[PDB]
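Protein chains in written order, with the authors' numbering: chain BE, 43 to 242; chain Be, 2 to 61; chain BW, 1 to 130; chain BJ, 1 to 187; chain BY, 1 to 138; chain BX, 1 to 142. As structure tokens, the structure follows; a few thoughts come after it.
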Amino acid sequence: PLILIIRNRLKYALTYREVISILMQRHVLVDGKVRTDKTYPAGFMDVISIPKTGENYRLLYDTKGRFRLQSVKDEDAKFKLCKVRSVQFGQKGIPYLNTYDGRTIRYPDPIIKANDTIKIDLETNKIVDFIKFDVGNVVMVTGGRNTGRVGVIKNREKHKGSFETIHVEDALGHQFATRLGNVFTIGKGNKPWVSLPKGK
Amino acid sequence: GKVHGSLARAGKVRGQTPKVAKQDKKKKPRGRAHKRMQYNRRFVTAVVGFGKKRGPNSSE
Amino acid sequence: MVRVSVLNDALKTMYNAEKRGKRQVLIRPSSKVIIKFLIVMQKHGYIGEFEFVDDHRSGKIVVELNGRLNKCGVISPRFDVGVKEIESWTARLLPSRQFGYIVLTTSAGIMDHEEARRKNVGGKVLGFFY
Amino acid sequence: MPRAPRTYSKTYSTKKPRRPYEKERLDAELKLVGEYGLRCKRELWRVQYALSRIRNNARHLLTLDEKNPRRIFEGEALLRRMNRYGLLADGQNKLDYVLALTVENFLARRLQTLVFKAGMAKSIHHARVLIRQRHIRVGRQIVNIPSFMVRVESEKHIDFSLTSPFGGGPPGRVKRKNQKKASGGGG
Amino acid sequence: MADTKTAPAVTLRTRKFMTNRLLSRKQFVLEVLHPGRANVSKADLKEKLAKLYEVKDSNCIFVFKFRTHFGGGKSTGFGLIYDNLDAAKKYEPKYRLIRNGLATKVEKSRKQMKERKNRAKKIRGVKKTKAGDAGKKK
Amino acid sequence: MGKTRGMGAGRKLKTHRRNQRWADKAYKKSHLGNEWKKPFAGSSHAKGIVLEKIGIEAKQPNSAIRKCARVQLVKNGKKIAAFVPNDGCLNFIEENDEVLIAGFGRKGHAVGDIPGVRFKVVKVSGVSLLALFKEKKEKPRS
RNA sequence: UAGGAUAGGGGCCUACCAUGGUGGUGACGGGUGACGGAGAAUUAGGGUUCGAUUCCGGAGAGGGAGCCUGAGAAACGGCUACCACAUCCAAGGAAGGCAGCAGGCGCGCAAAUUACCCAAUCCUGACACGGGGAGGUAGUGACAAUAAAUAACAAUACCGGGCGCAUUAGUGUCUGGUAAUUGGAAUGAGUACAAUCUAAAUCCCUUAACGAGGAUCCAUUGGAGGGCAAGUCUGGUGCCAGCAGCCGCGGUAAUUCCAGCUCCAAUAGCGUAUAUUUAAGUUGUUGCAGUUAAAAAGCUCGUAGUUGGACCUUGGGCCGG
């Protein structure tokens, strides 16, 4: 959430509650848009970037798995990688493709599934690319102890009632498997964004 | 039997001893300071050591 | 019952006697104890007599002692089957203090304490070799 | 959110006497207290607690199998924490000695005994006072605390503080009154 | 550092410094050595200081949160140099402003303040006539 | 003879175990509610008002008048006897004052040598019993 | 099975319909400072005990029922009704609920200020900008706990116990102390310009000027028969007075009393009580006993329940690393 993230930059001493003056003068923008809400839902891959004489940031994970800043390029800031959190499916071409922060993006790609990821720009919300969820792809584990690790998909296991586990080969250690909700694919052979050491 | 005994006899011994207030004598240094002394006294030139250790003996 | 404990108990009292064996009927979890003895060389030989036609199976033992020192100082049971008392690879209670081993039926099969511990697989103790 | 208060958890153990007065125990403890120059058995109890808990952690790693993931990773921390302080000498780094250890090693690394060892005091009782007298320090910022627990790194740095005599400028009150009387009064 | 007299310098040192273009100002730590000496002063700081960073006014700049440690000869606080007088006030909390001289602390009475608002709600109309009404009515 | 070792049979051991505890004094105190039967509620101390000074004779080879006083608790109707320790103190107690009593360290029960005396006197008149005999402090008037 | 209801399935209720459901694996009933949990204490471990508590989830807000508004309340610092309480009045009527915060009474063994601020922690509002006894702020607070002052060191004087010397007498030297003497040092227990700091202040922080001759700037509570560390002290009491958890003592030269002395011993802390954990393998899972000490049912059948044999695509052989 925004308040924690902004404060990480500021923290030398005696700001914090005075975050409010910065927000209301609109010298913080998040994804090119005004939000002054501390309770704002955030996830991995949010872009922060502020007006004019500013900087660009990507949300990353520490050892716990809490949000922290890393500097990111201005070119990369224009783009954002967004999980398709939920889907309204098919006919007449009216998907609501939910994201973690709550952005909707509309209308067919020649695919679309839940747990697949959509590459989006930032301001206009038009579809740069669509990334399929499949084996061999690069993943970040969003939750648990295992957070801040990256690895390549060994296999996905499909079962009755839910598809229980999806297995990741790599880790600092050895293989681990996680739920589909924990898995956020962040790279594919078609389009990766992954060129980052990570977390723990 | 007797459980209805006299109440008359209370406090005889103190009133048959003369009261004596404590005296002024050279004061050992106190708290932390007193504790310092103890190891030096018992281990260097010792004190007494009949049986275990002893201190305020006269006739033995 | 399950035999197991009977073999262990009989073994140590027979050592005090200084007999060269006692010979008895055997079962399948008491096939296991004898083979483990061979590995850790309490036995340098064991023979399973009449396990072919008869009503039972059996095995006369040829057993170490009648030497100088006894090799098996103590073996005493630590619960048969039909019970829940359980150890893991990390839980490890022990007898002896590493001179002996703790008899363990593991997932794959019966192996000694160190083998099971390395593989990181738990199981249920059968007895305490000192 | 708004935070909570303070727990603590035991700093010391006075649990160690089974029997409150043991002649053997009393004699042994008082000798240690005398040599290192502690004032109280309370000061003995806290260091005794520190010894026991540090040892307790070590036992767990070594009893477990070799090349167990906890044993190797945590074992790096276990070795260096003692070694850095100077609690554990090099050569004793077998991990057998970490299990063993002694009470004495902690007291030896304290600042108070270091003052006496490097001359100056002419009594361990005098060494206890000297730190309060503002003498001796690693940097500039006076230690008046005997249980400072020198790293061996900071042992080298021990020389008089910037204030107090032998360190420099001010002598303190007793001379100041004496010289004032001497130069105007004739004593 | 820190200009001398005979009575030693009392070091003017800065440390852990980020210029943050959101708050629009300079935040840094003031770790003041005081070898053989007492308190530097709130004035003596902002009188040196000023001329190094070339803000050249005591008025806009504040130093605060001295606490310290035992053993003496050092104190740690925190101080900031601001890009403008007007800009500074908005970002700053009120507690800095009042001591600096930029603001006055208003003292209030709880009982007077809250009760008075309720009274305003209750009366509708001029209600001067009610005062005369009560006299007649008894 | 030996206890059941068995997967289900756990239940037998558990049920029997609870009954055994009642023999042990500490558990019995809570379980039966013997604490309530004893004159205190469960309290650290309890206060009463002095009915009488009574002179209770010592038991068996000890001969002496112990000198006690009976107090009736403010909380309860229960009358019980409490010992007044120390030289004097029969004078310092007095009828109709408020006395704070505590156990002997016997954890209820009569002490033994003084028949039926379940408690001892910690303080009289709010002062401290300890102070008064010693002559460290003096009783306040009224 | 059907319907109405409500956001919705729903005995949810209600019609019709059938006659079931559930229990020794302890149901049903009663009790419980019985909130639940994360957690806490204490136990090597295993466990035992506890959970009022700045968190997490629910319930209630004097007791009960009922309802409006609104996204949402079966709201209680809203209403409406009754009951129970107390309040005010010009006595006709009317207003109101500190298990919110201060404060006061009562209760009891038991628990603090009718001060101040929205600056931080965080929220709410038409609103950067205000408000919030939430929260912070200071006071009080030995629940607990932490850091650690009350004096140290030389000299010197006898006294040693050393040592080199000691042959030969001796004492002599590093010094252990018994020295209210001495000697210059030094520090904060205290005190106070300066400014710091806190919402603003106090404190923390300091630091000029100050601040020890041991009696002063002086530590205490427990203990000295056993358990239990440390007297067969001195005076007195004399089965009296008390001491004494327990075992015991006191009947006149009491190491157990009562004072003094001296000593022990924790030491800014220590006693005492109740509960609780350990000890206690007195709760026996880990880890019990039943011939005679507490303890096999008179005997057998026999269930629920536990427990239960063996053959059992398993065994063997080869290479690679």
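All residues carry an ideal CB built from backbone N, CA and C; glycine is no exception.
Once you ignore the five residues that flank residue i on each side, which residues in its own chain have a CB closer than 7 Å to its CB?
i: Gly56 (chain Be); result: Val48 and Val49
i: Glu57 (chain BX); result: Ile65
i: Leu94 (chain BW); result: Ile102
i: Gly109 (chain BW); result: none
i: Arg31 (chain Be); result: none
By DSSP, does residue i sit in helix, in strand, or in coil?
i: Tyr40 (chain Be); result: helix
i: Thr184 (chain BE); result: coil
i: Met149 (chain BJ); result: coil
i: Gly135 (chain BE); result: coil
i: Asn157 (chain BE); result: coil
i: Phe116 (chain BJ); result: helix
i: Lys75 (chain BE); result: strand
i: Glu54 (chain BY); result: coil
i: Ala34 (chain Be); result: helix
i: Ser113 (chain BE); result: strand
i: residue 214 (chain BY); result: The structure shown does not extend to residue 214 (chain BY), since chain BY is modelled only from 1 to 138, so the question has no answer here.
Could you pull out every residue in the same chain whose Cβ sits closer than 8 Å to the Cβ of residue i, ignoring the five residues on either side in sequence?
i: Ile145 (chain BJ); result: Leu111 and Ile131
i: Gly82 (chain BW); result: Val2
i: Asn8 (chain BW); result: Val33, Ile75, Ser76, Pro77 and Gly127
i: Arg71 (chain BJ); result: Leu61, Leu62, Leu64 and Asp65
i: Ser147 (chain BJ); result: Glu43, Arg110, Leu111 and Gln112
Report yes or no: is there a C-beta of chain Be within less than 8 Å of the C-beta of residue i?
i: residue 150 (chain BX); result: Missing from the structure shown is residue 150 (chain BX); chain BX here goes from 1 to 142 and no further.
i: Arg39 (chain BJ); result: yes
Please confirm if residue i has its CB atom under 8 Å from at least one CB of chain BW.
i: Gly2 (chain BX); result: no
i: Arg21 (chain BX); result: no
i: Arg5 (chain BX); result: yes
i: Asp27 (chain BJ); result: no
If you compare alpha carbons, which of the options is closest to residue i?
i: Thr63 (chain BJ); options: BJ:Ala50, BJ:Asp90, BJ:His126 and BJ:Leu99; result: BJ:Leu99
i: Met1 (chain BW); options: BW:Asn70, BW:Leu65, BW:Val63 and BW:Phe79; result: BW:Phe79
i: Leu26 (chain BW); options: BW:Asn120, BW:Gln98, BW:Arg3 and BW:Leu65; result: BW:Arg3
i: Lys84 (chain BW); options: BX:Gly6, BX:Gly2 and BX:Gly103; result: BX:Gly6
i: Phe17 (chain BY); options: BY:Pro8, BY:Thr4 and BY:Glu31; result: BY:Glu31
Check the Cβ-Cβ distances between residue i and every residue of chain BE, and say whether any is below 8 Å.
i: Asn20 (chain BY); result: yes
i: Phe78 (chain BY); result: yes
i: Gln27 (chain BY); result: yes
i: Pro93 (chain BY); result: yes
i: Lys74 (chain BY); result: no
Can you round the beta-carbon distance between residue i and residue j to whole angstroms, since I take them to be within the 8 Å contact cut?
i: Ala127 (chain BJ); j: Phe116 (chain BJ); result: 4 Å
i: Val70 (chain BE); j: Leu22 (chain BY); result: 7 Å
i: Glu64 (chain BW); j: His44 (chain BW); result: 6 Å
i: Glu165 (chain BE); j: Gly96 (chain BE); result: At roughly 15 Å, the Cβ-Cβ gap does not stay under 8 Å, so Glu165 (chain BE) and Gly96 (chain BE) are not in contact.
i: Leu123 (chain BE); j: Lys161 (chain BE); result: 6 Å
i: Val61 (chain BE); j: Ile47 (chain BE); result: With a Cβ gap of about 10 Å, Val61 (chain BE) and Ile47 (chain BE) do not count as contacting.
i: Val150 (chain BJ); j: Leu114 (chain BJ); result: 6 Å
Report yes or no: is there a C-beta of chain BX within less than 8 Å of the C-beta of residue i?
i: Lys23 (chain Be); result: no
Please report whether the beta-carbon of residue i lies at a distance below 8 Å from any beta-carbon of chain BJ.
i: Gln39 (chain Be); result: yes
Taking 8 Å as the CB-CB cut-off, is residue i touching chain BY?
i: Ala55 (chain BE); result: yes
i: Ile92 (chain BE); result: yes
Note down, in chain order, each residue of its chain lying with its Cβ closer than 6 Å to the Cβ of residue i, except the 5 sequence neighbours on either side.
i: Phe78 (chain BY); result: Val29 and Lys65
i: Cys72 (chain BW); result: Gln42
i: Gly100 (chain BW); result: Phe129 and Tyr130
i: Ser88 (chain BW); result: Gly122
i: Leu100 (chain BX); result: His45, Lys47, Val122 and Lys123
i: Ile90 (chain BE); result: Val72 and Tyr99
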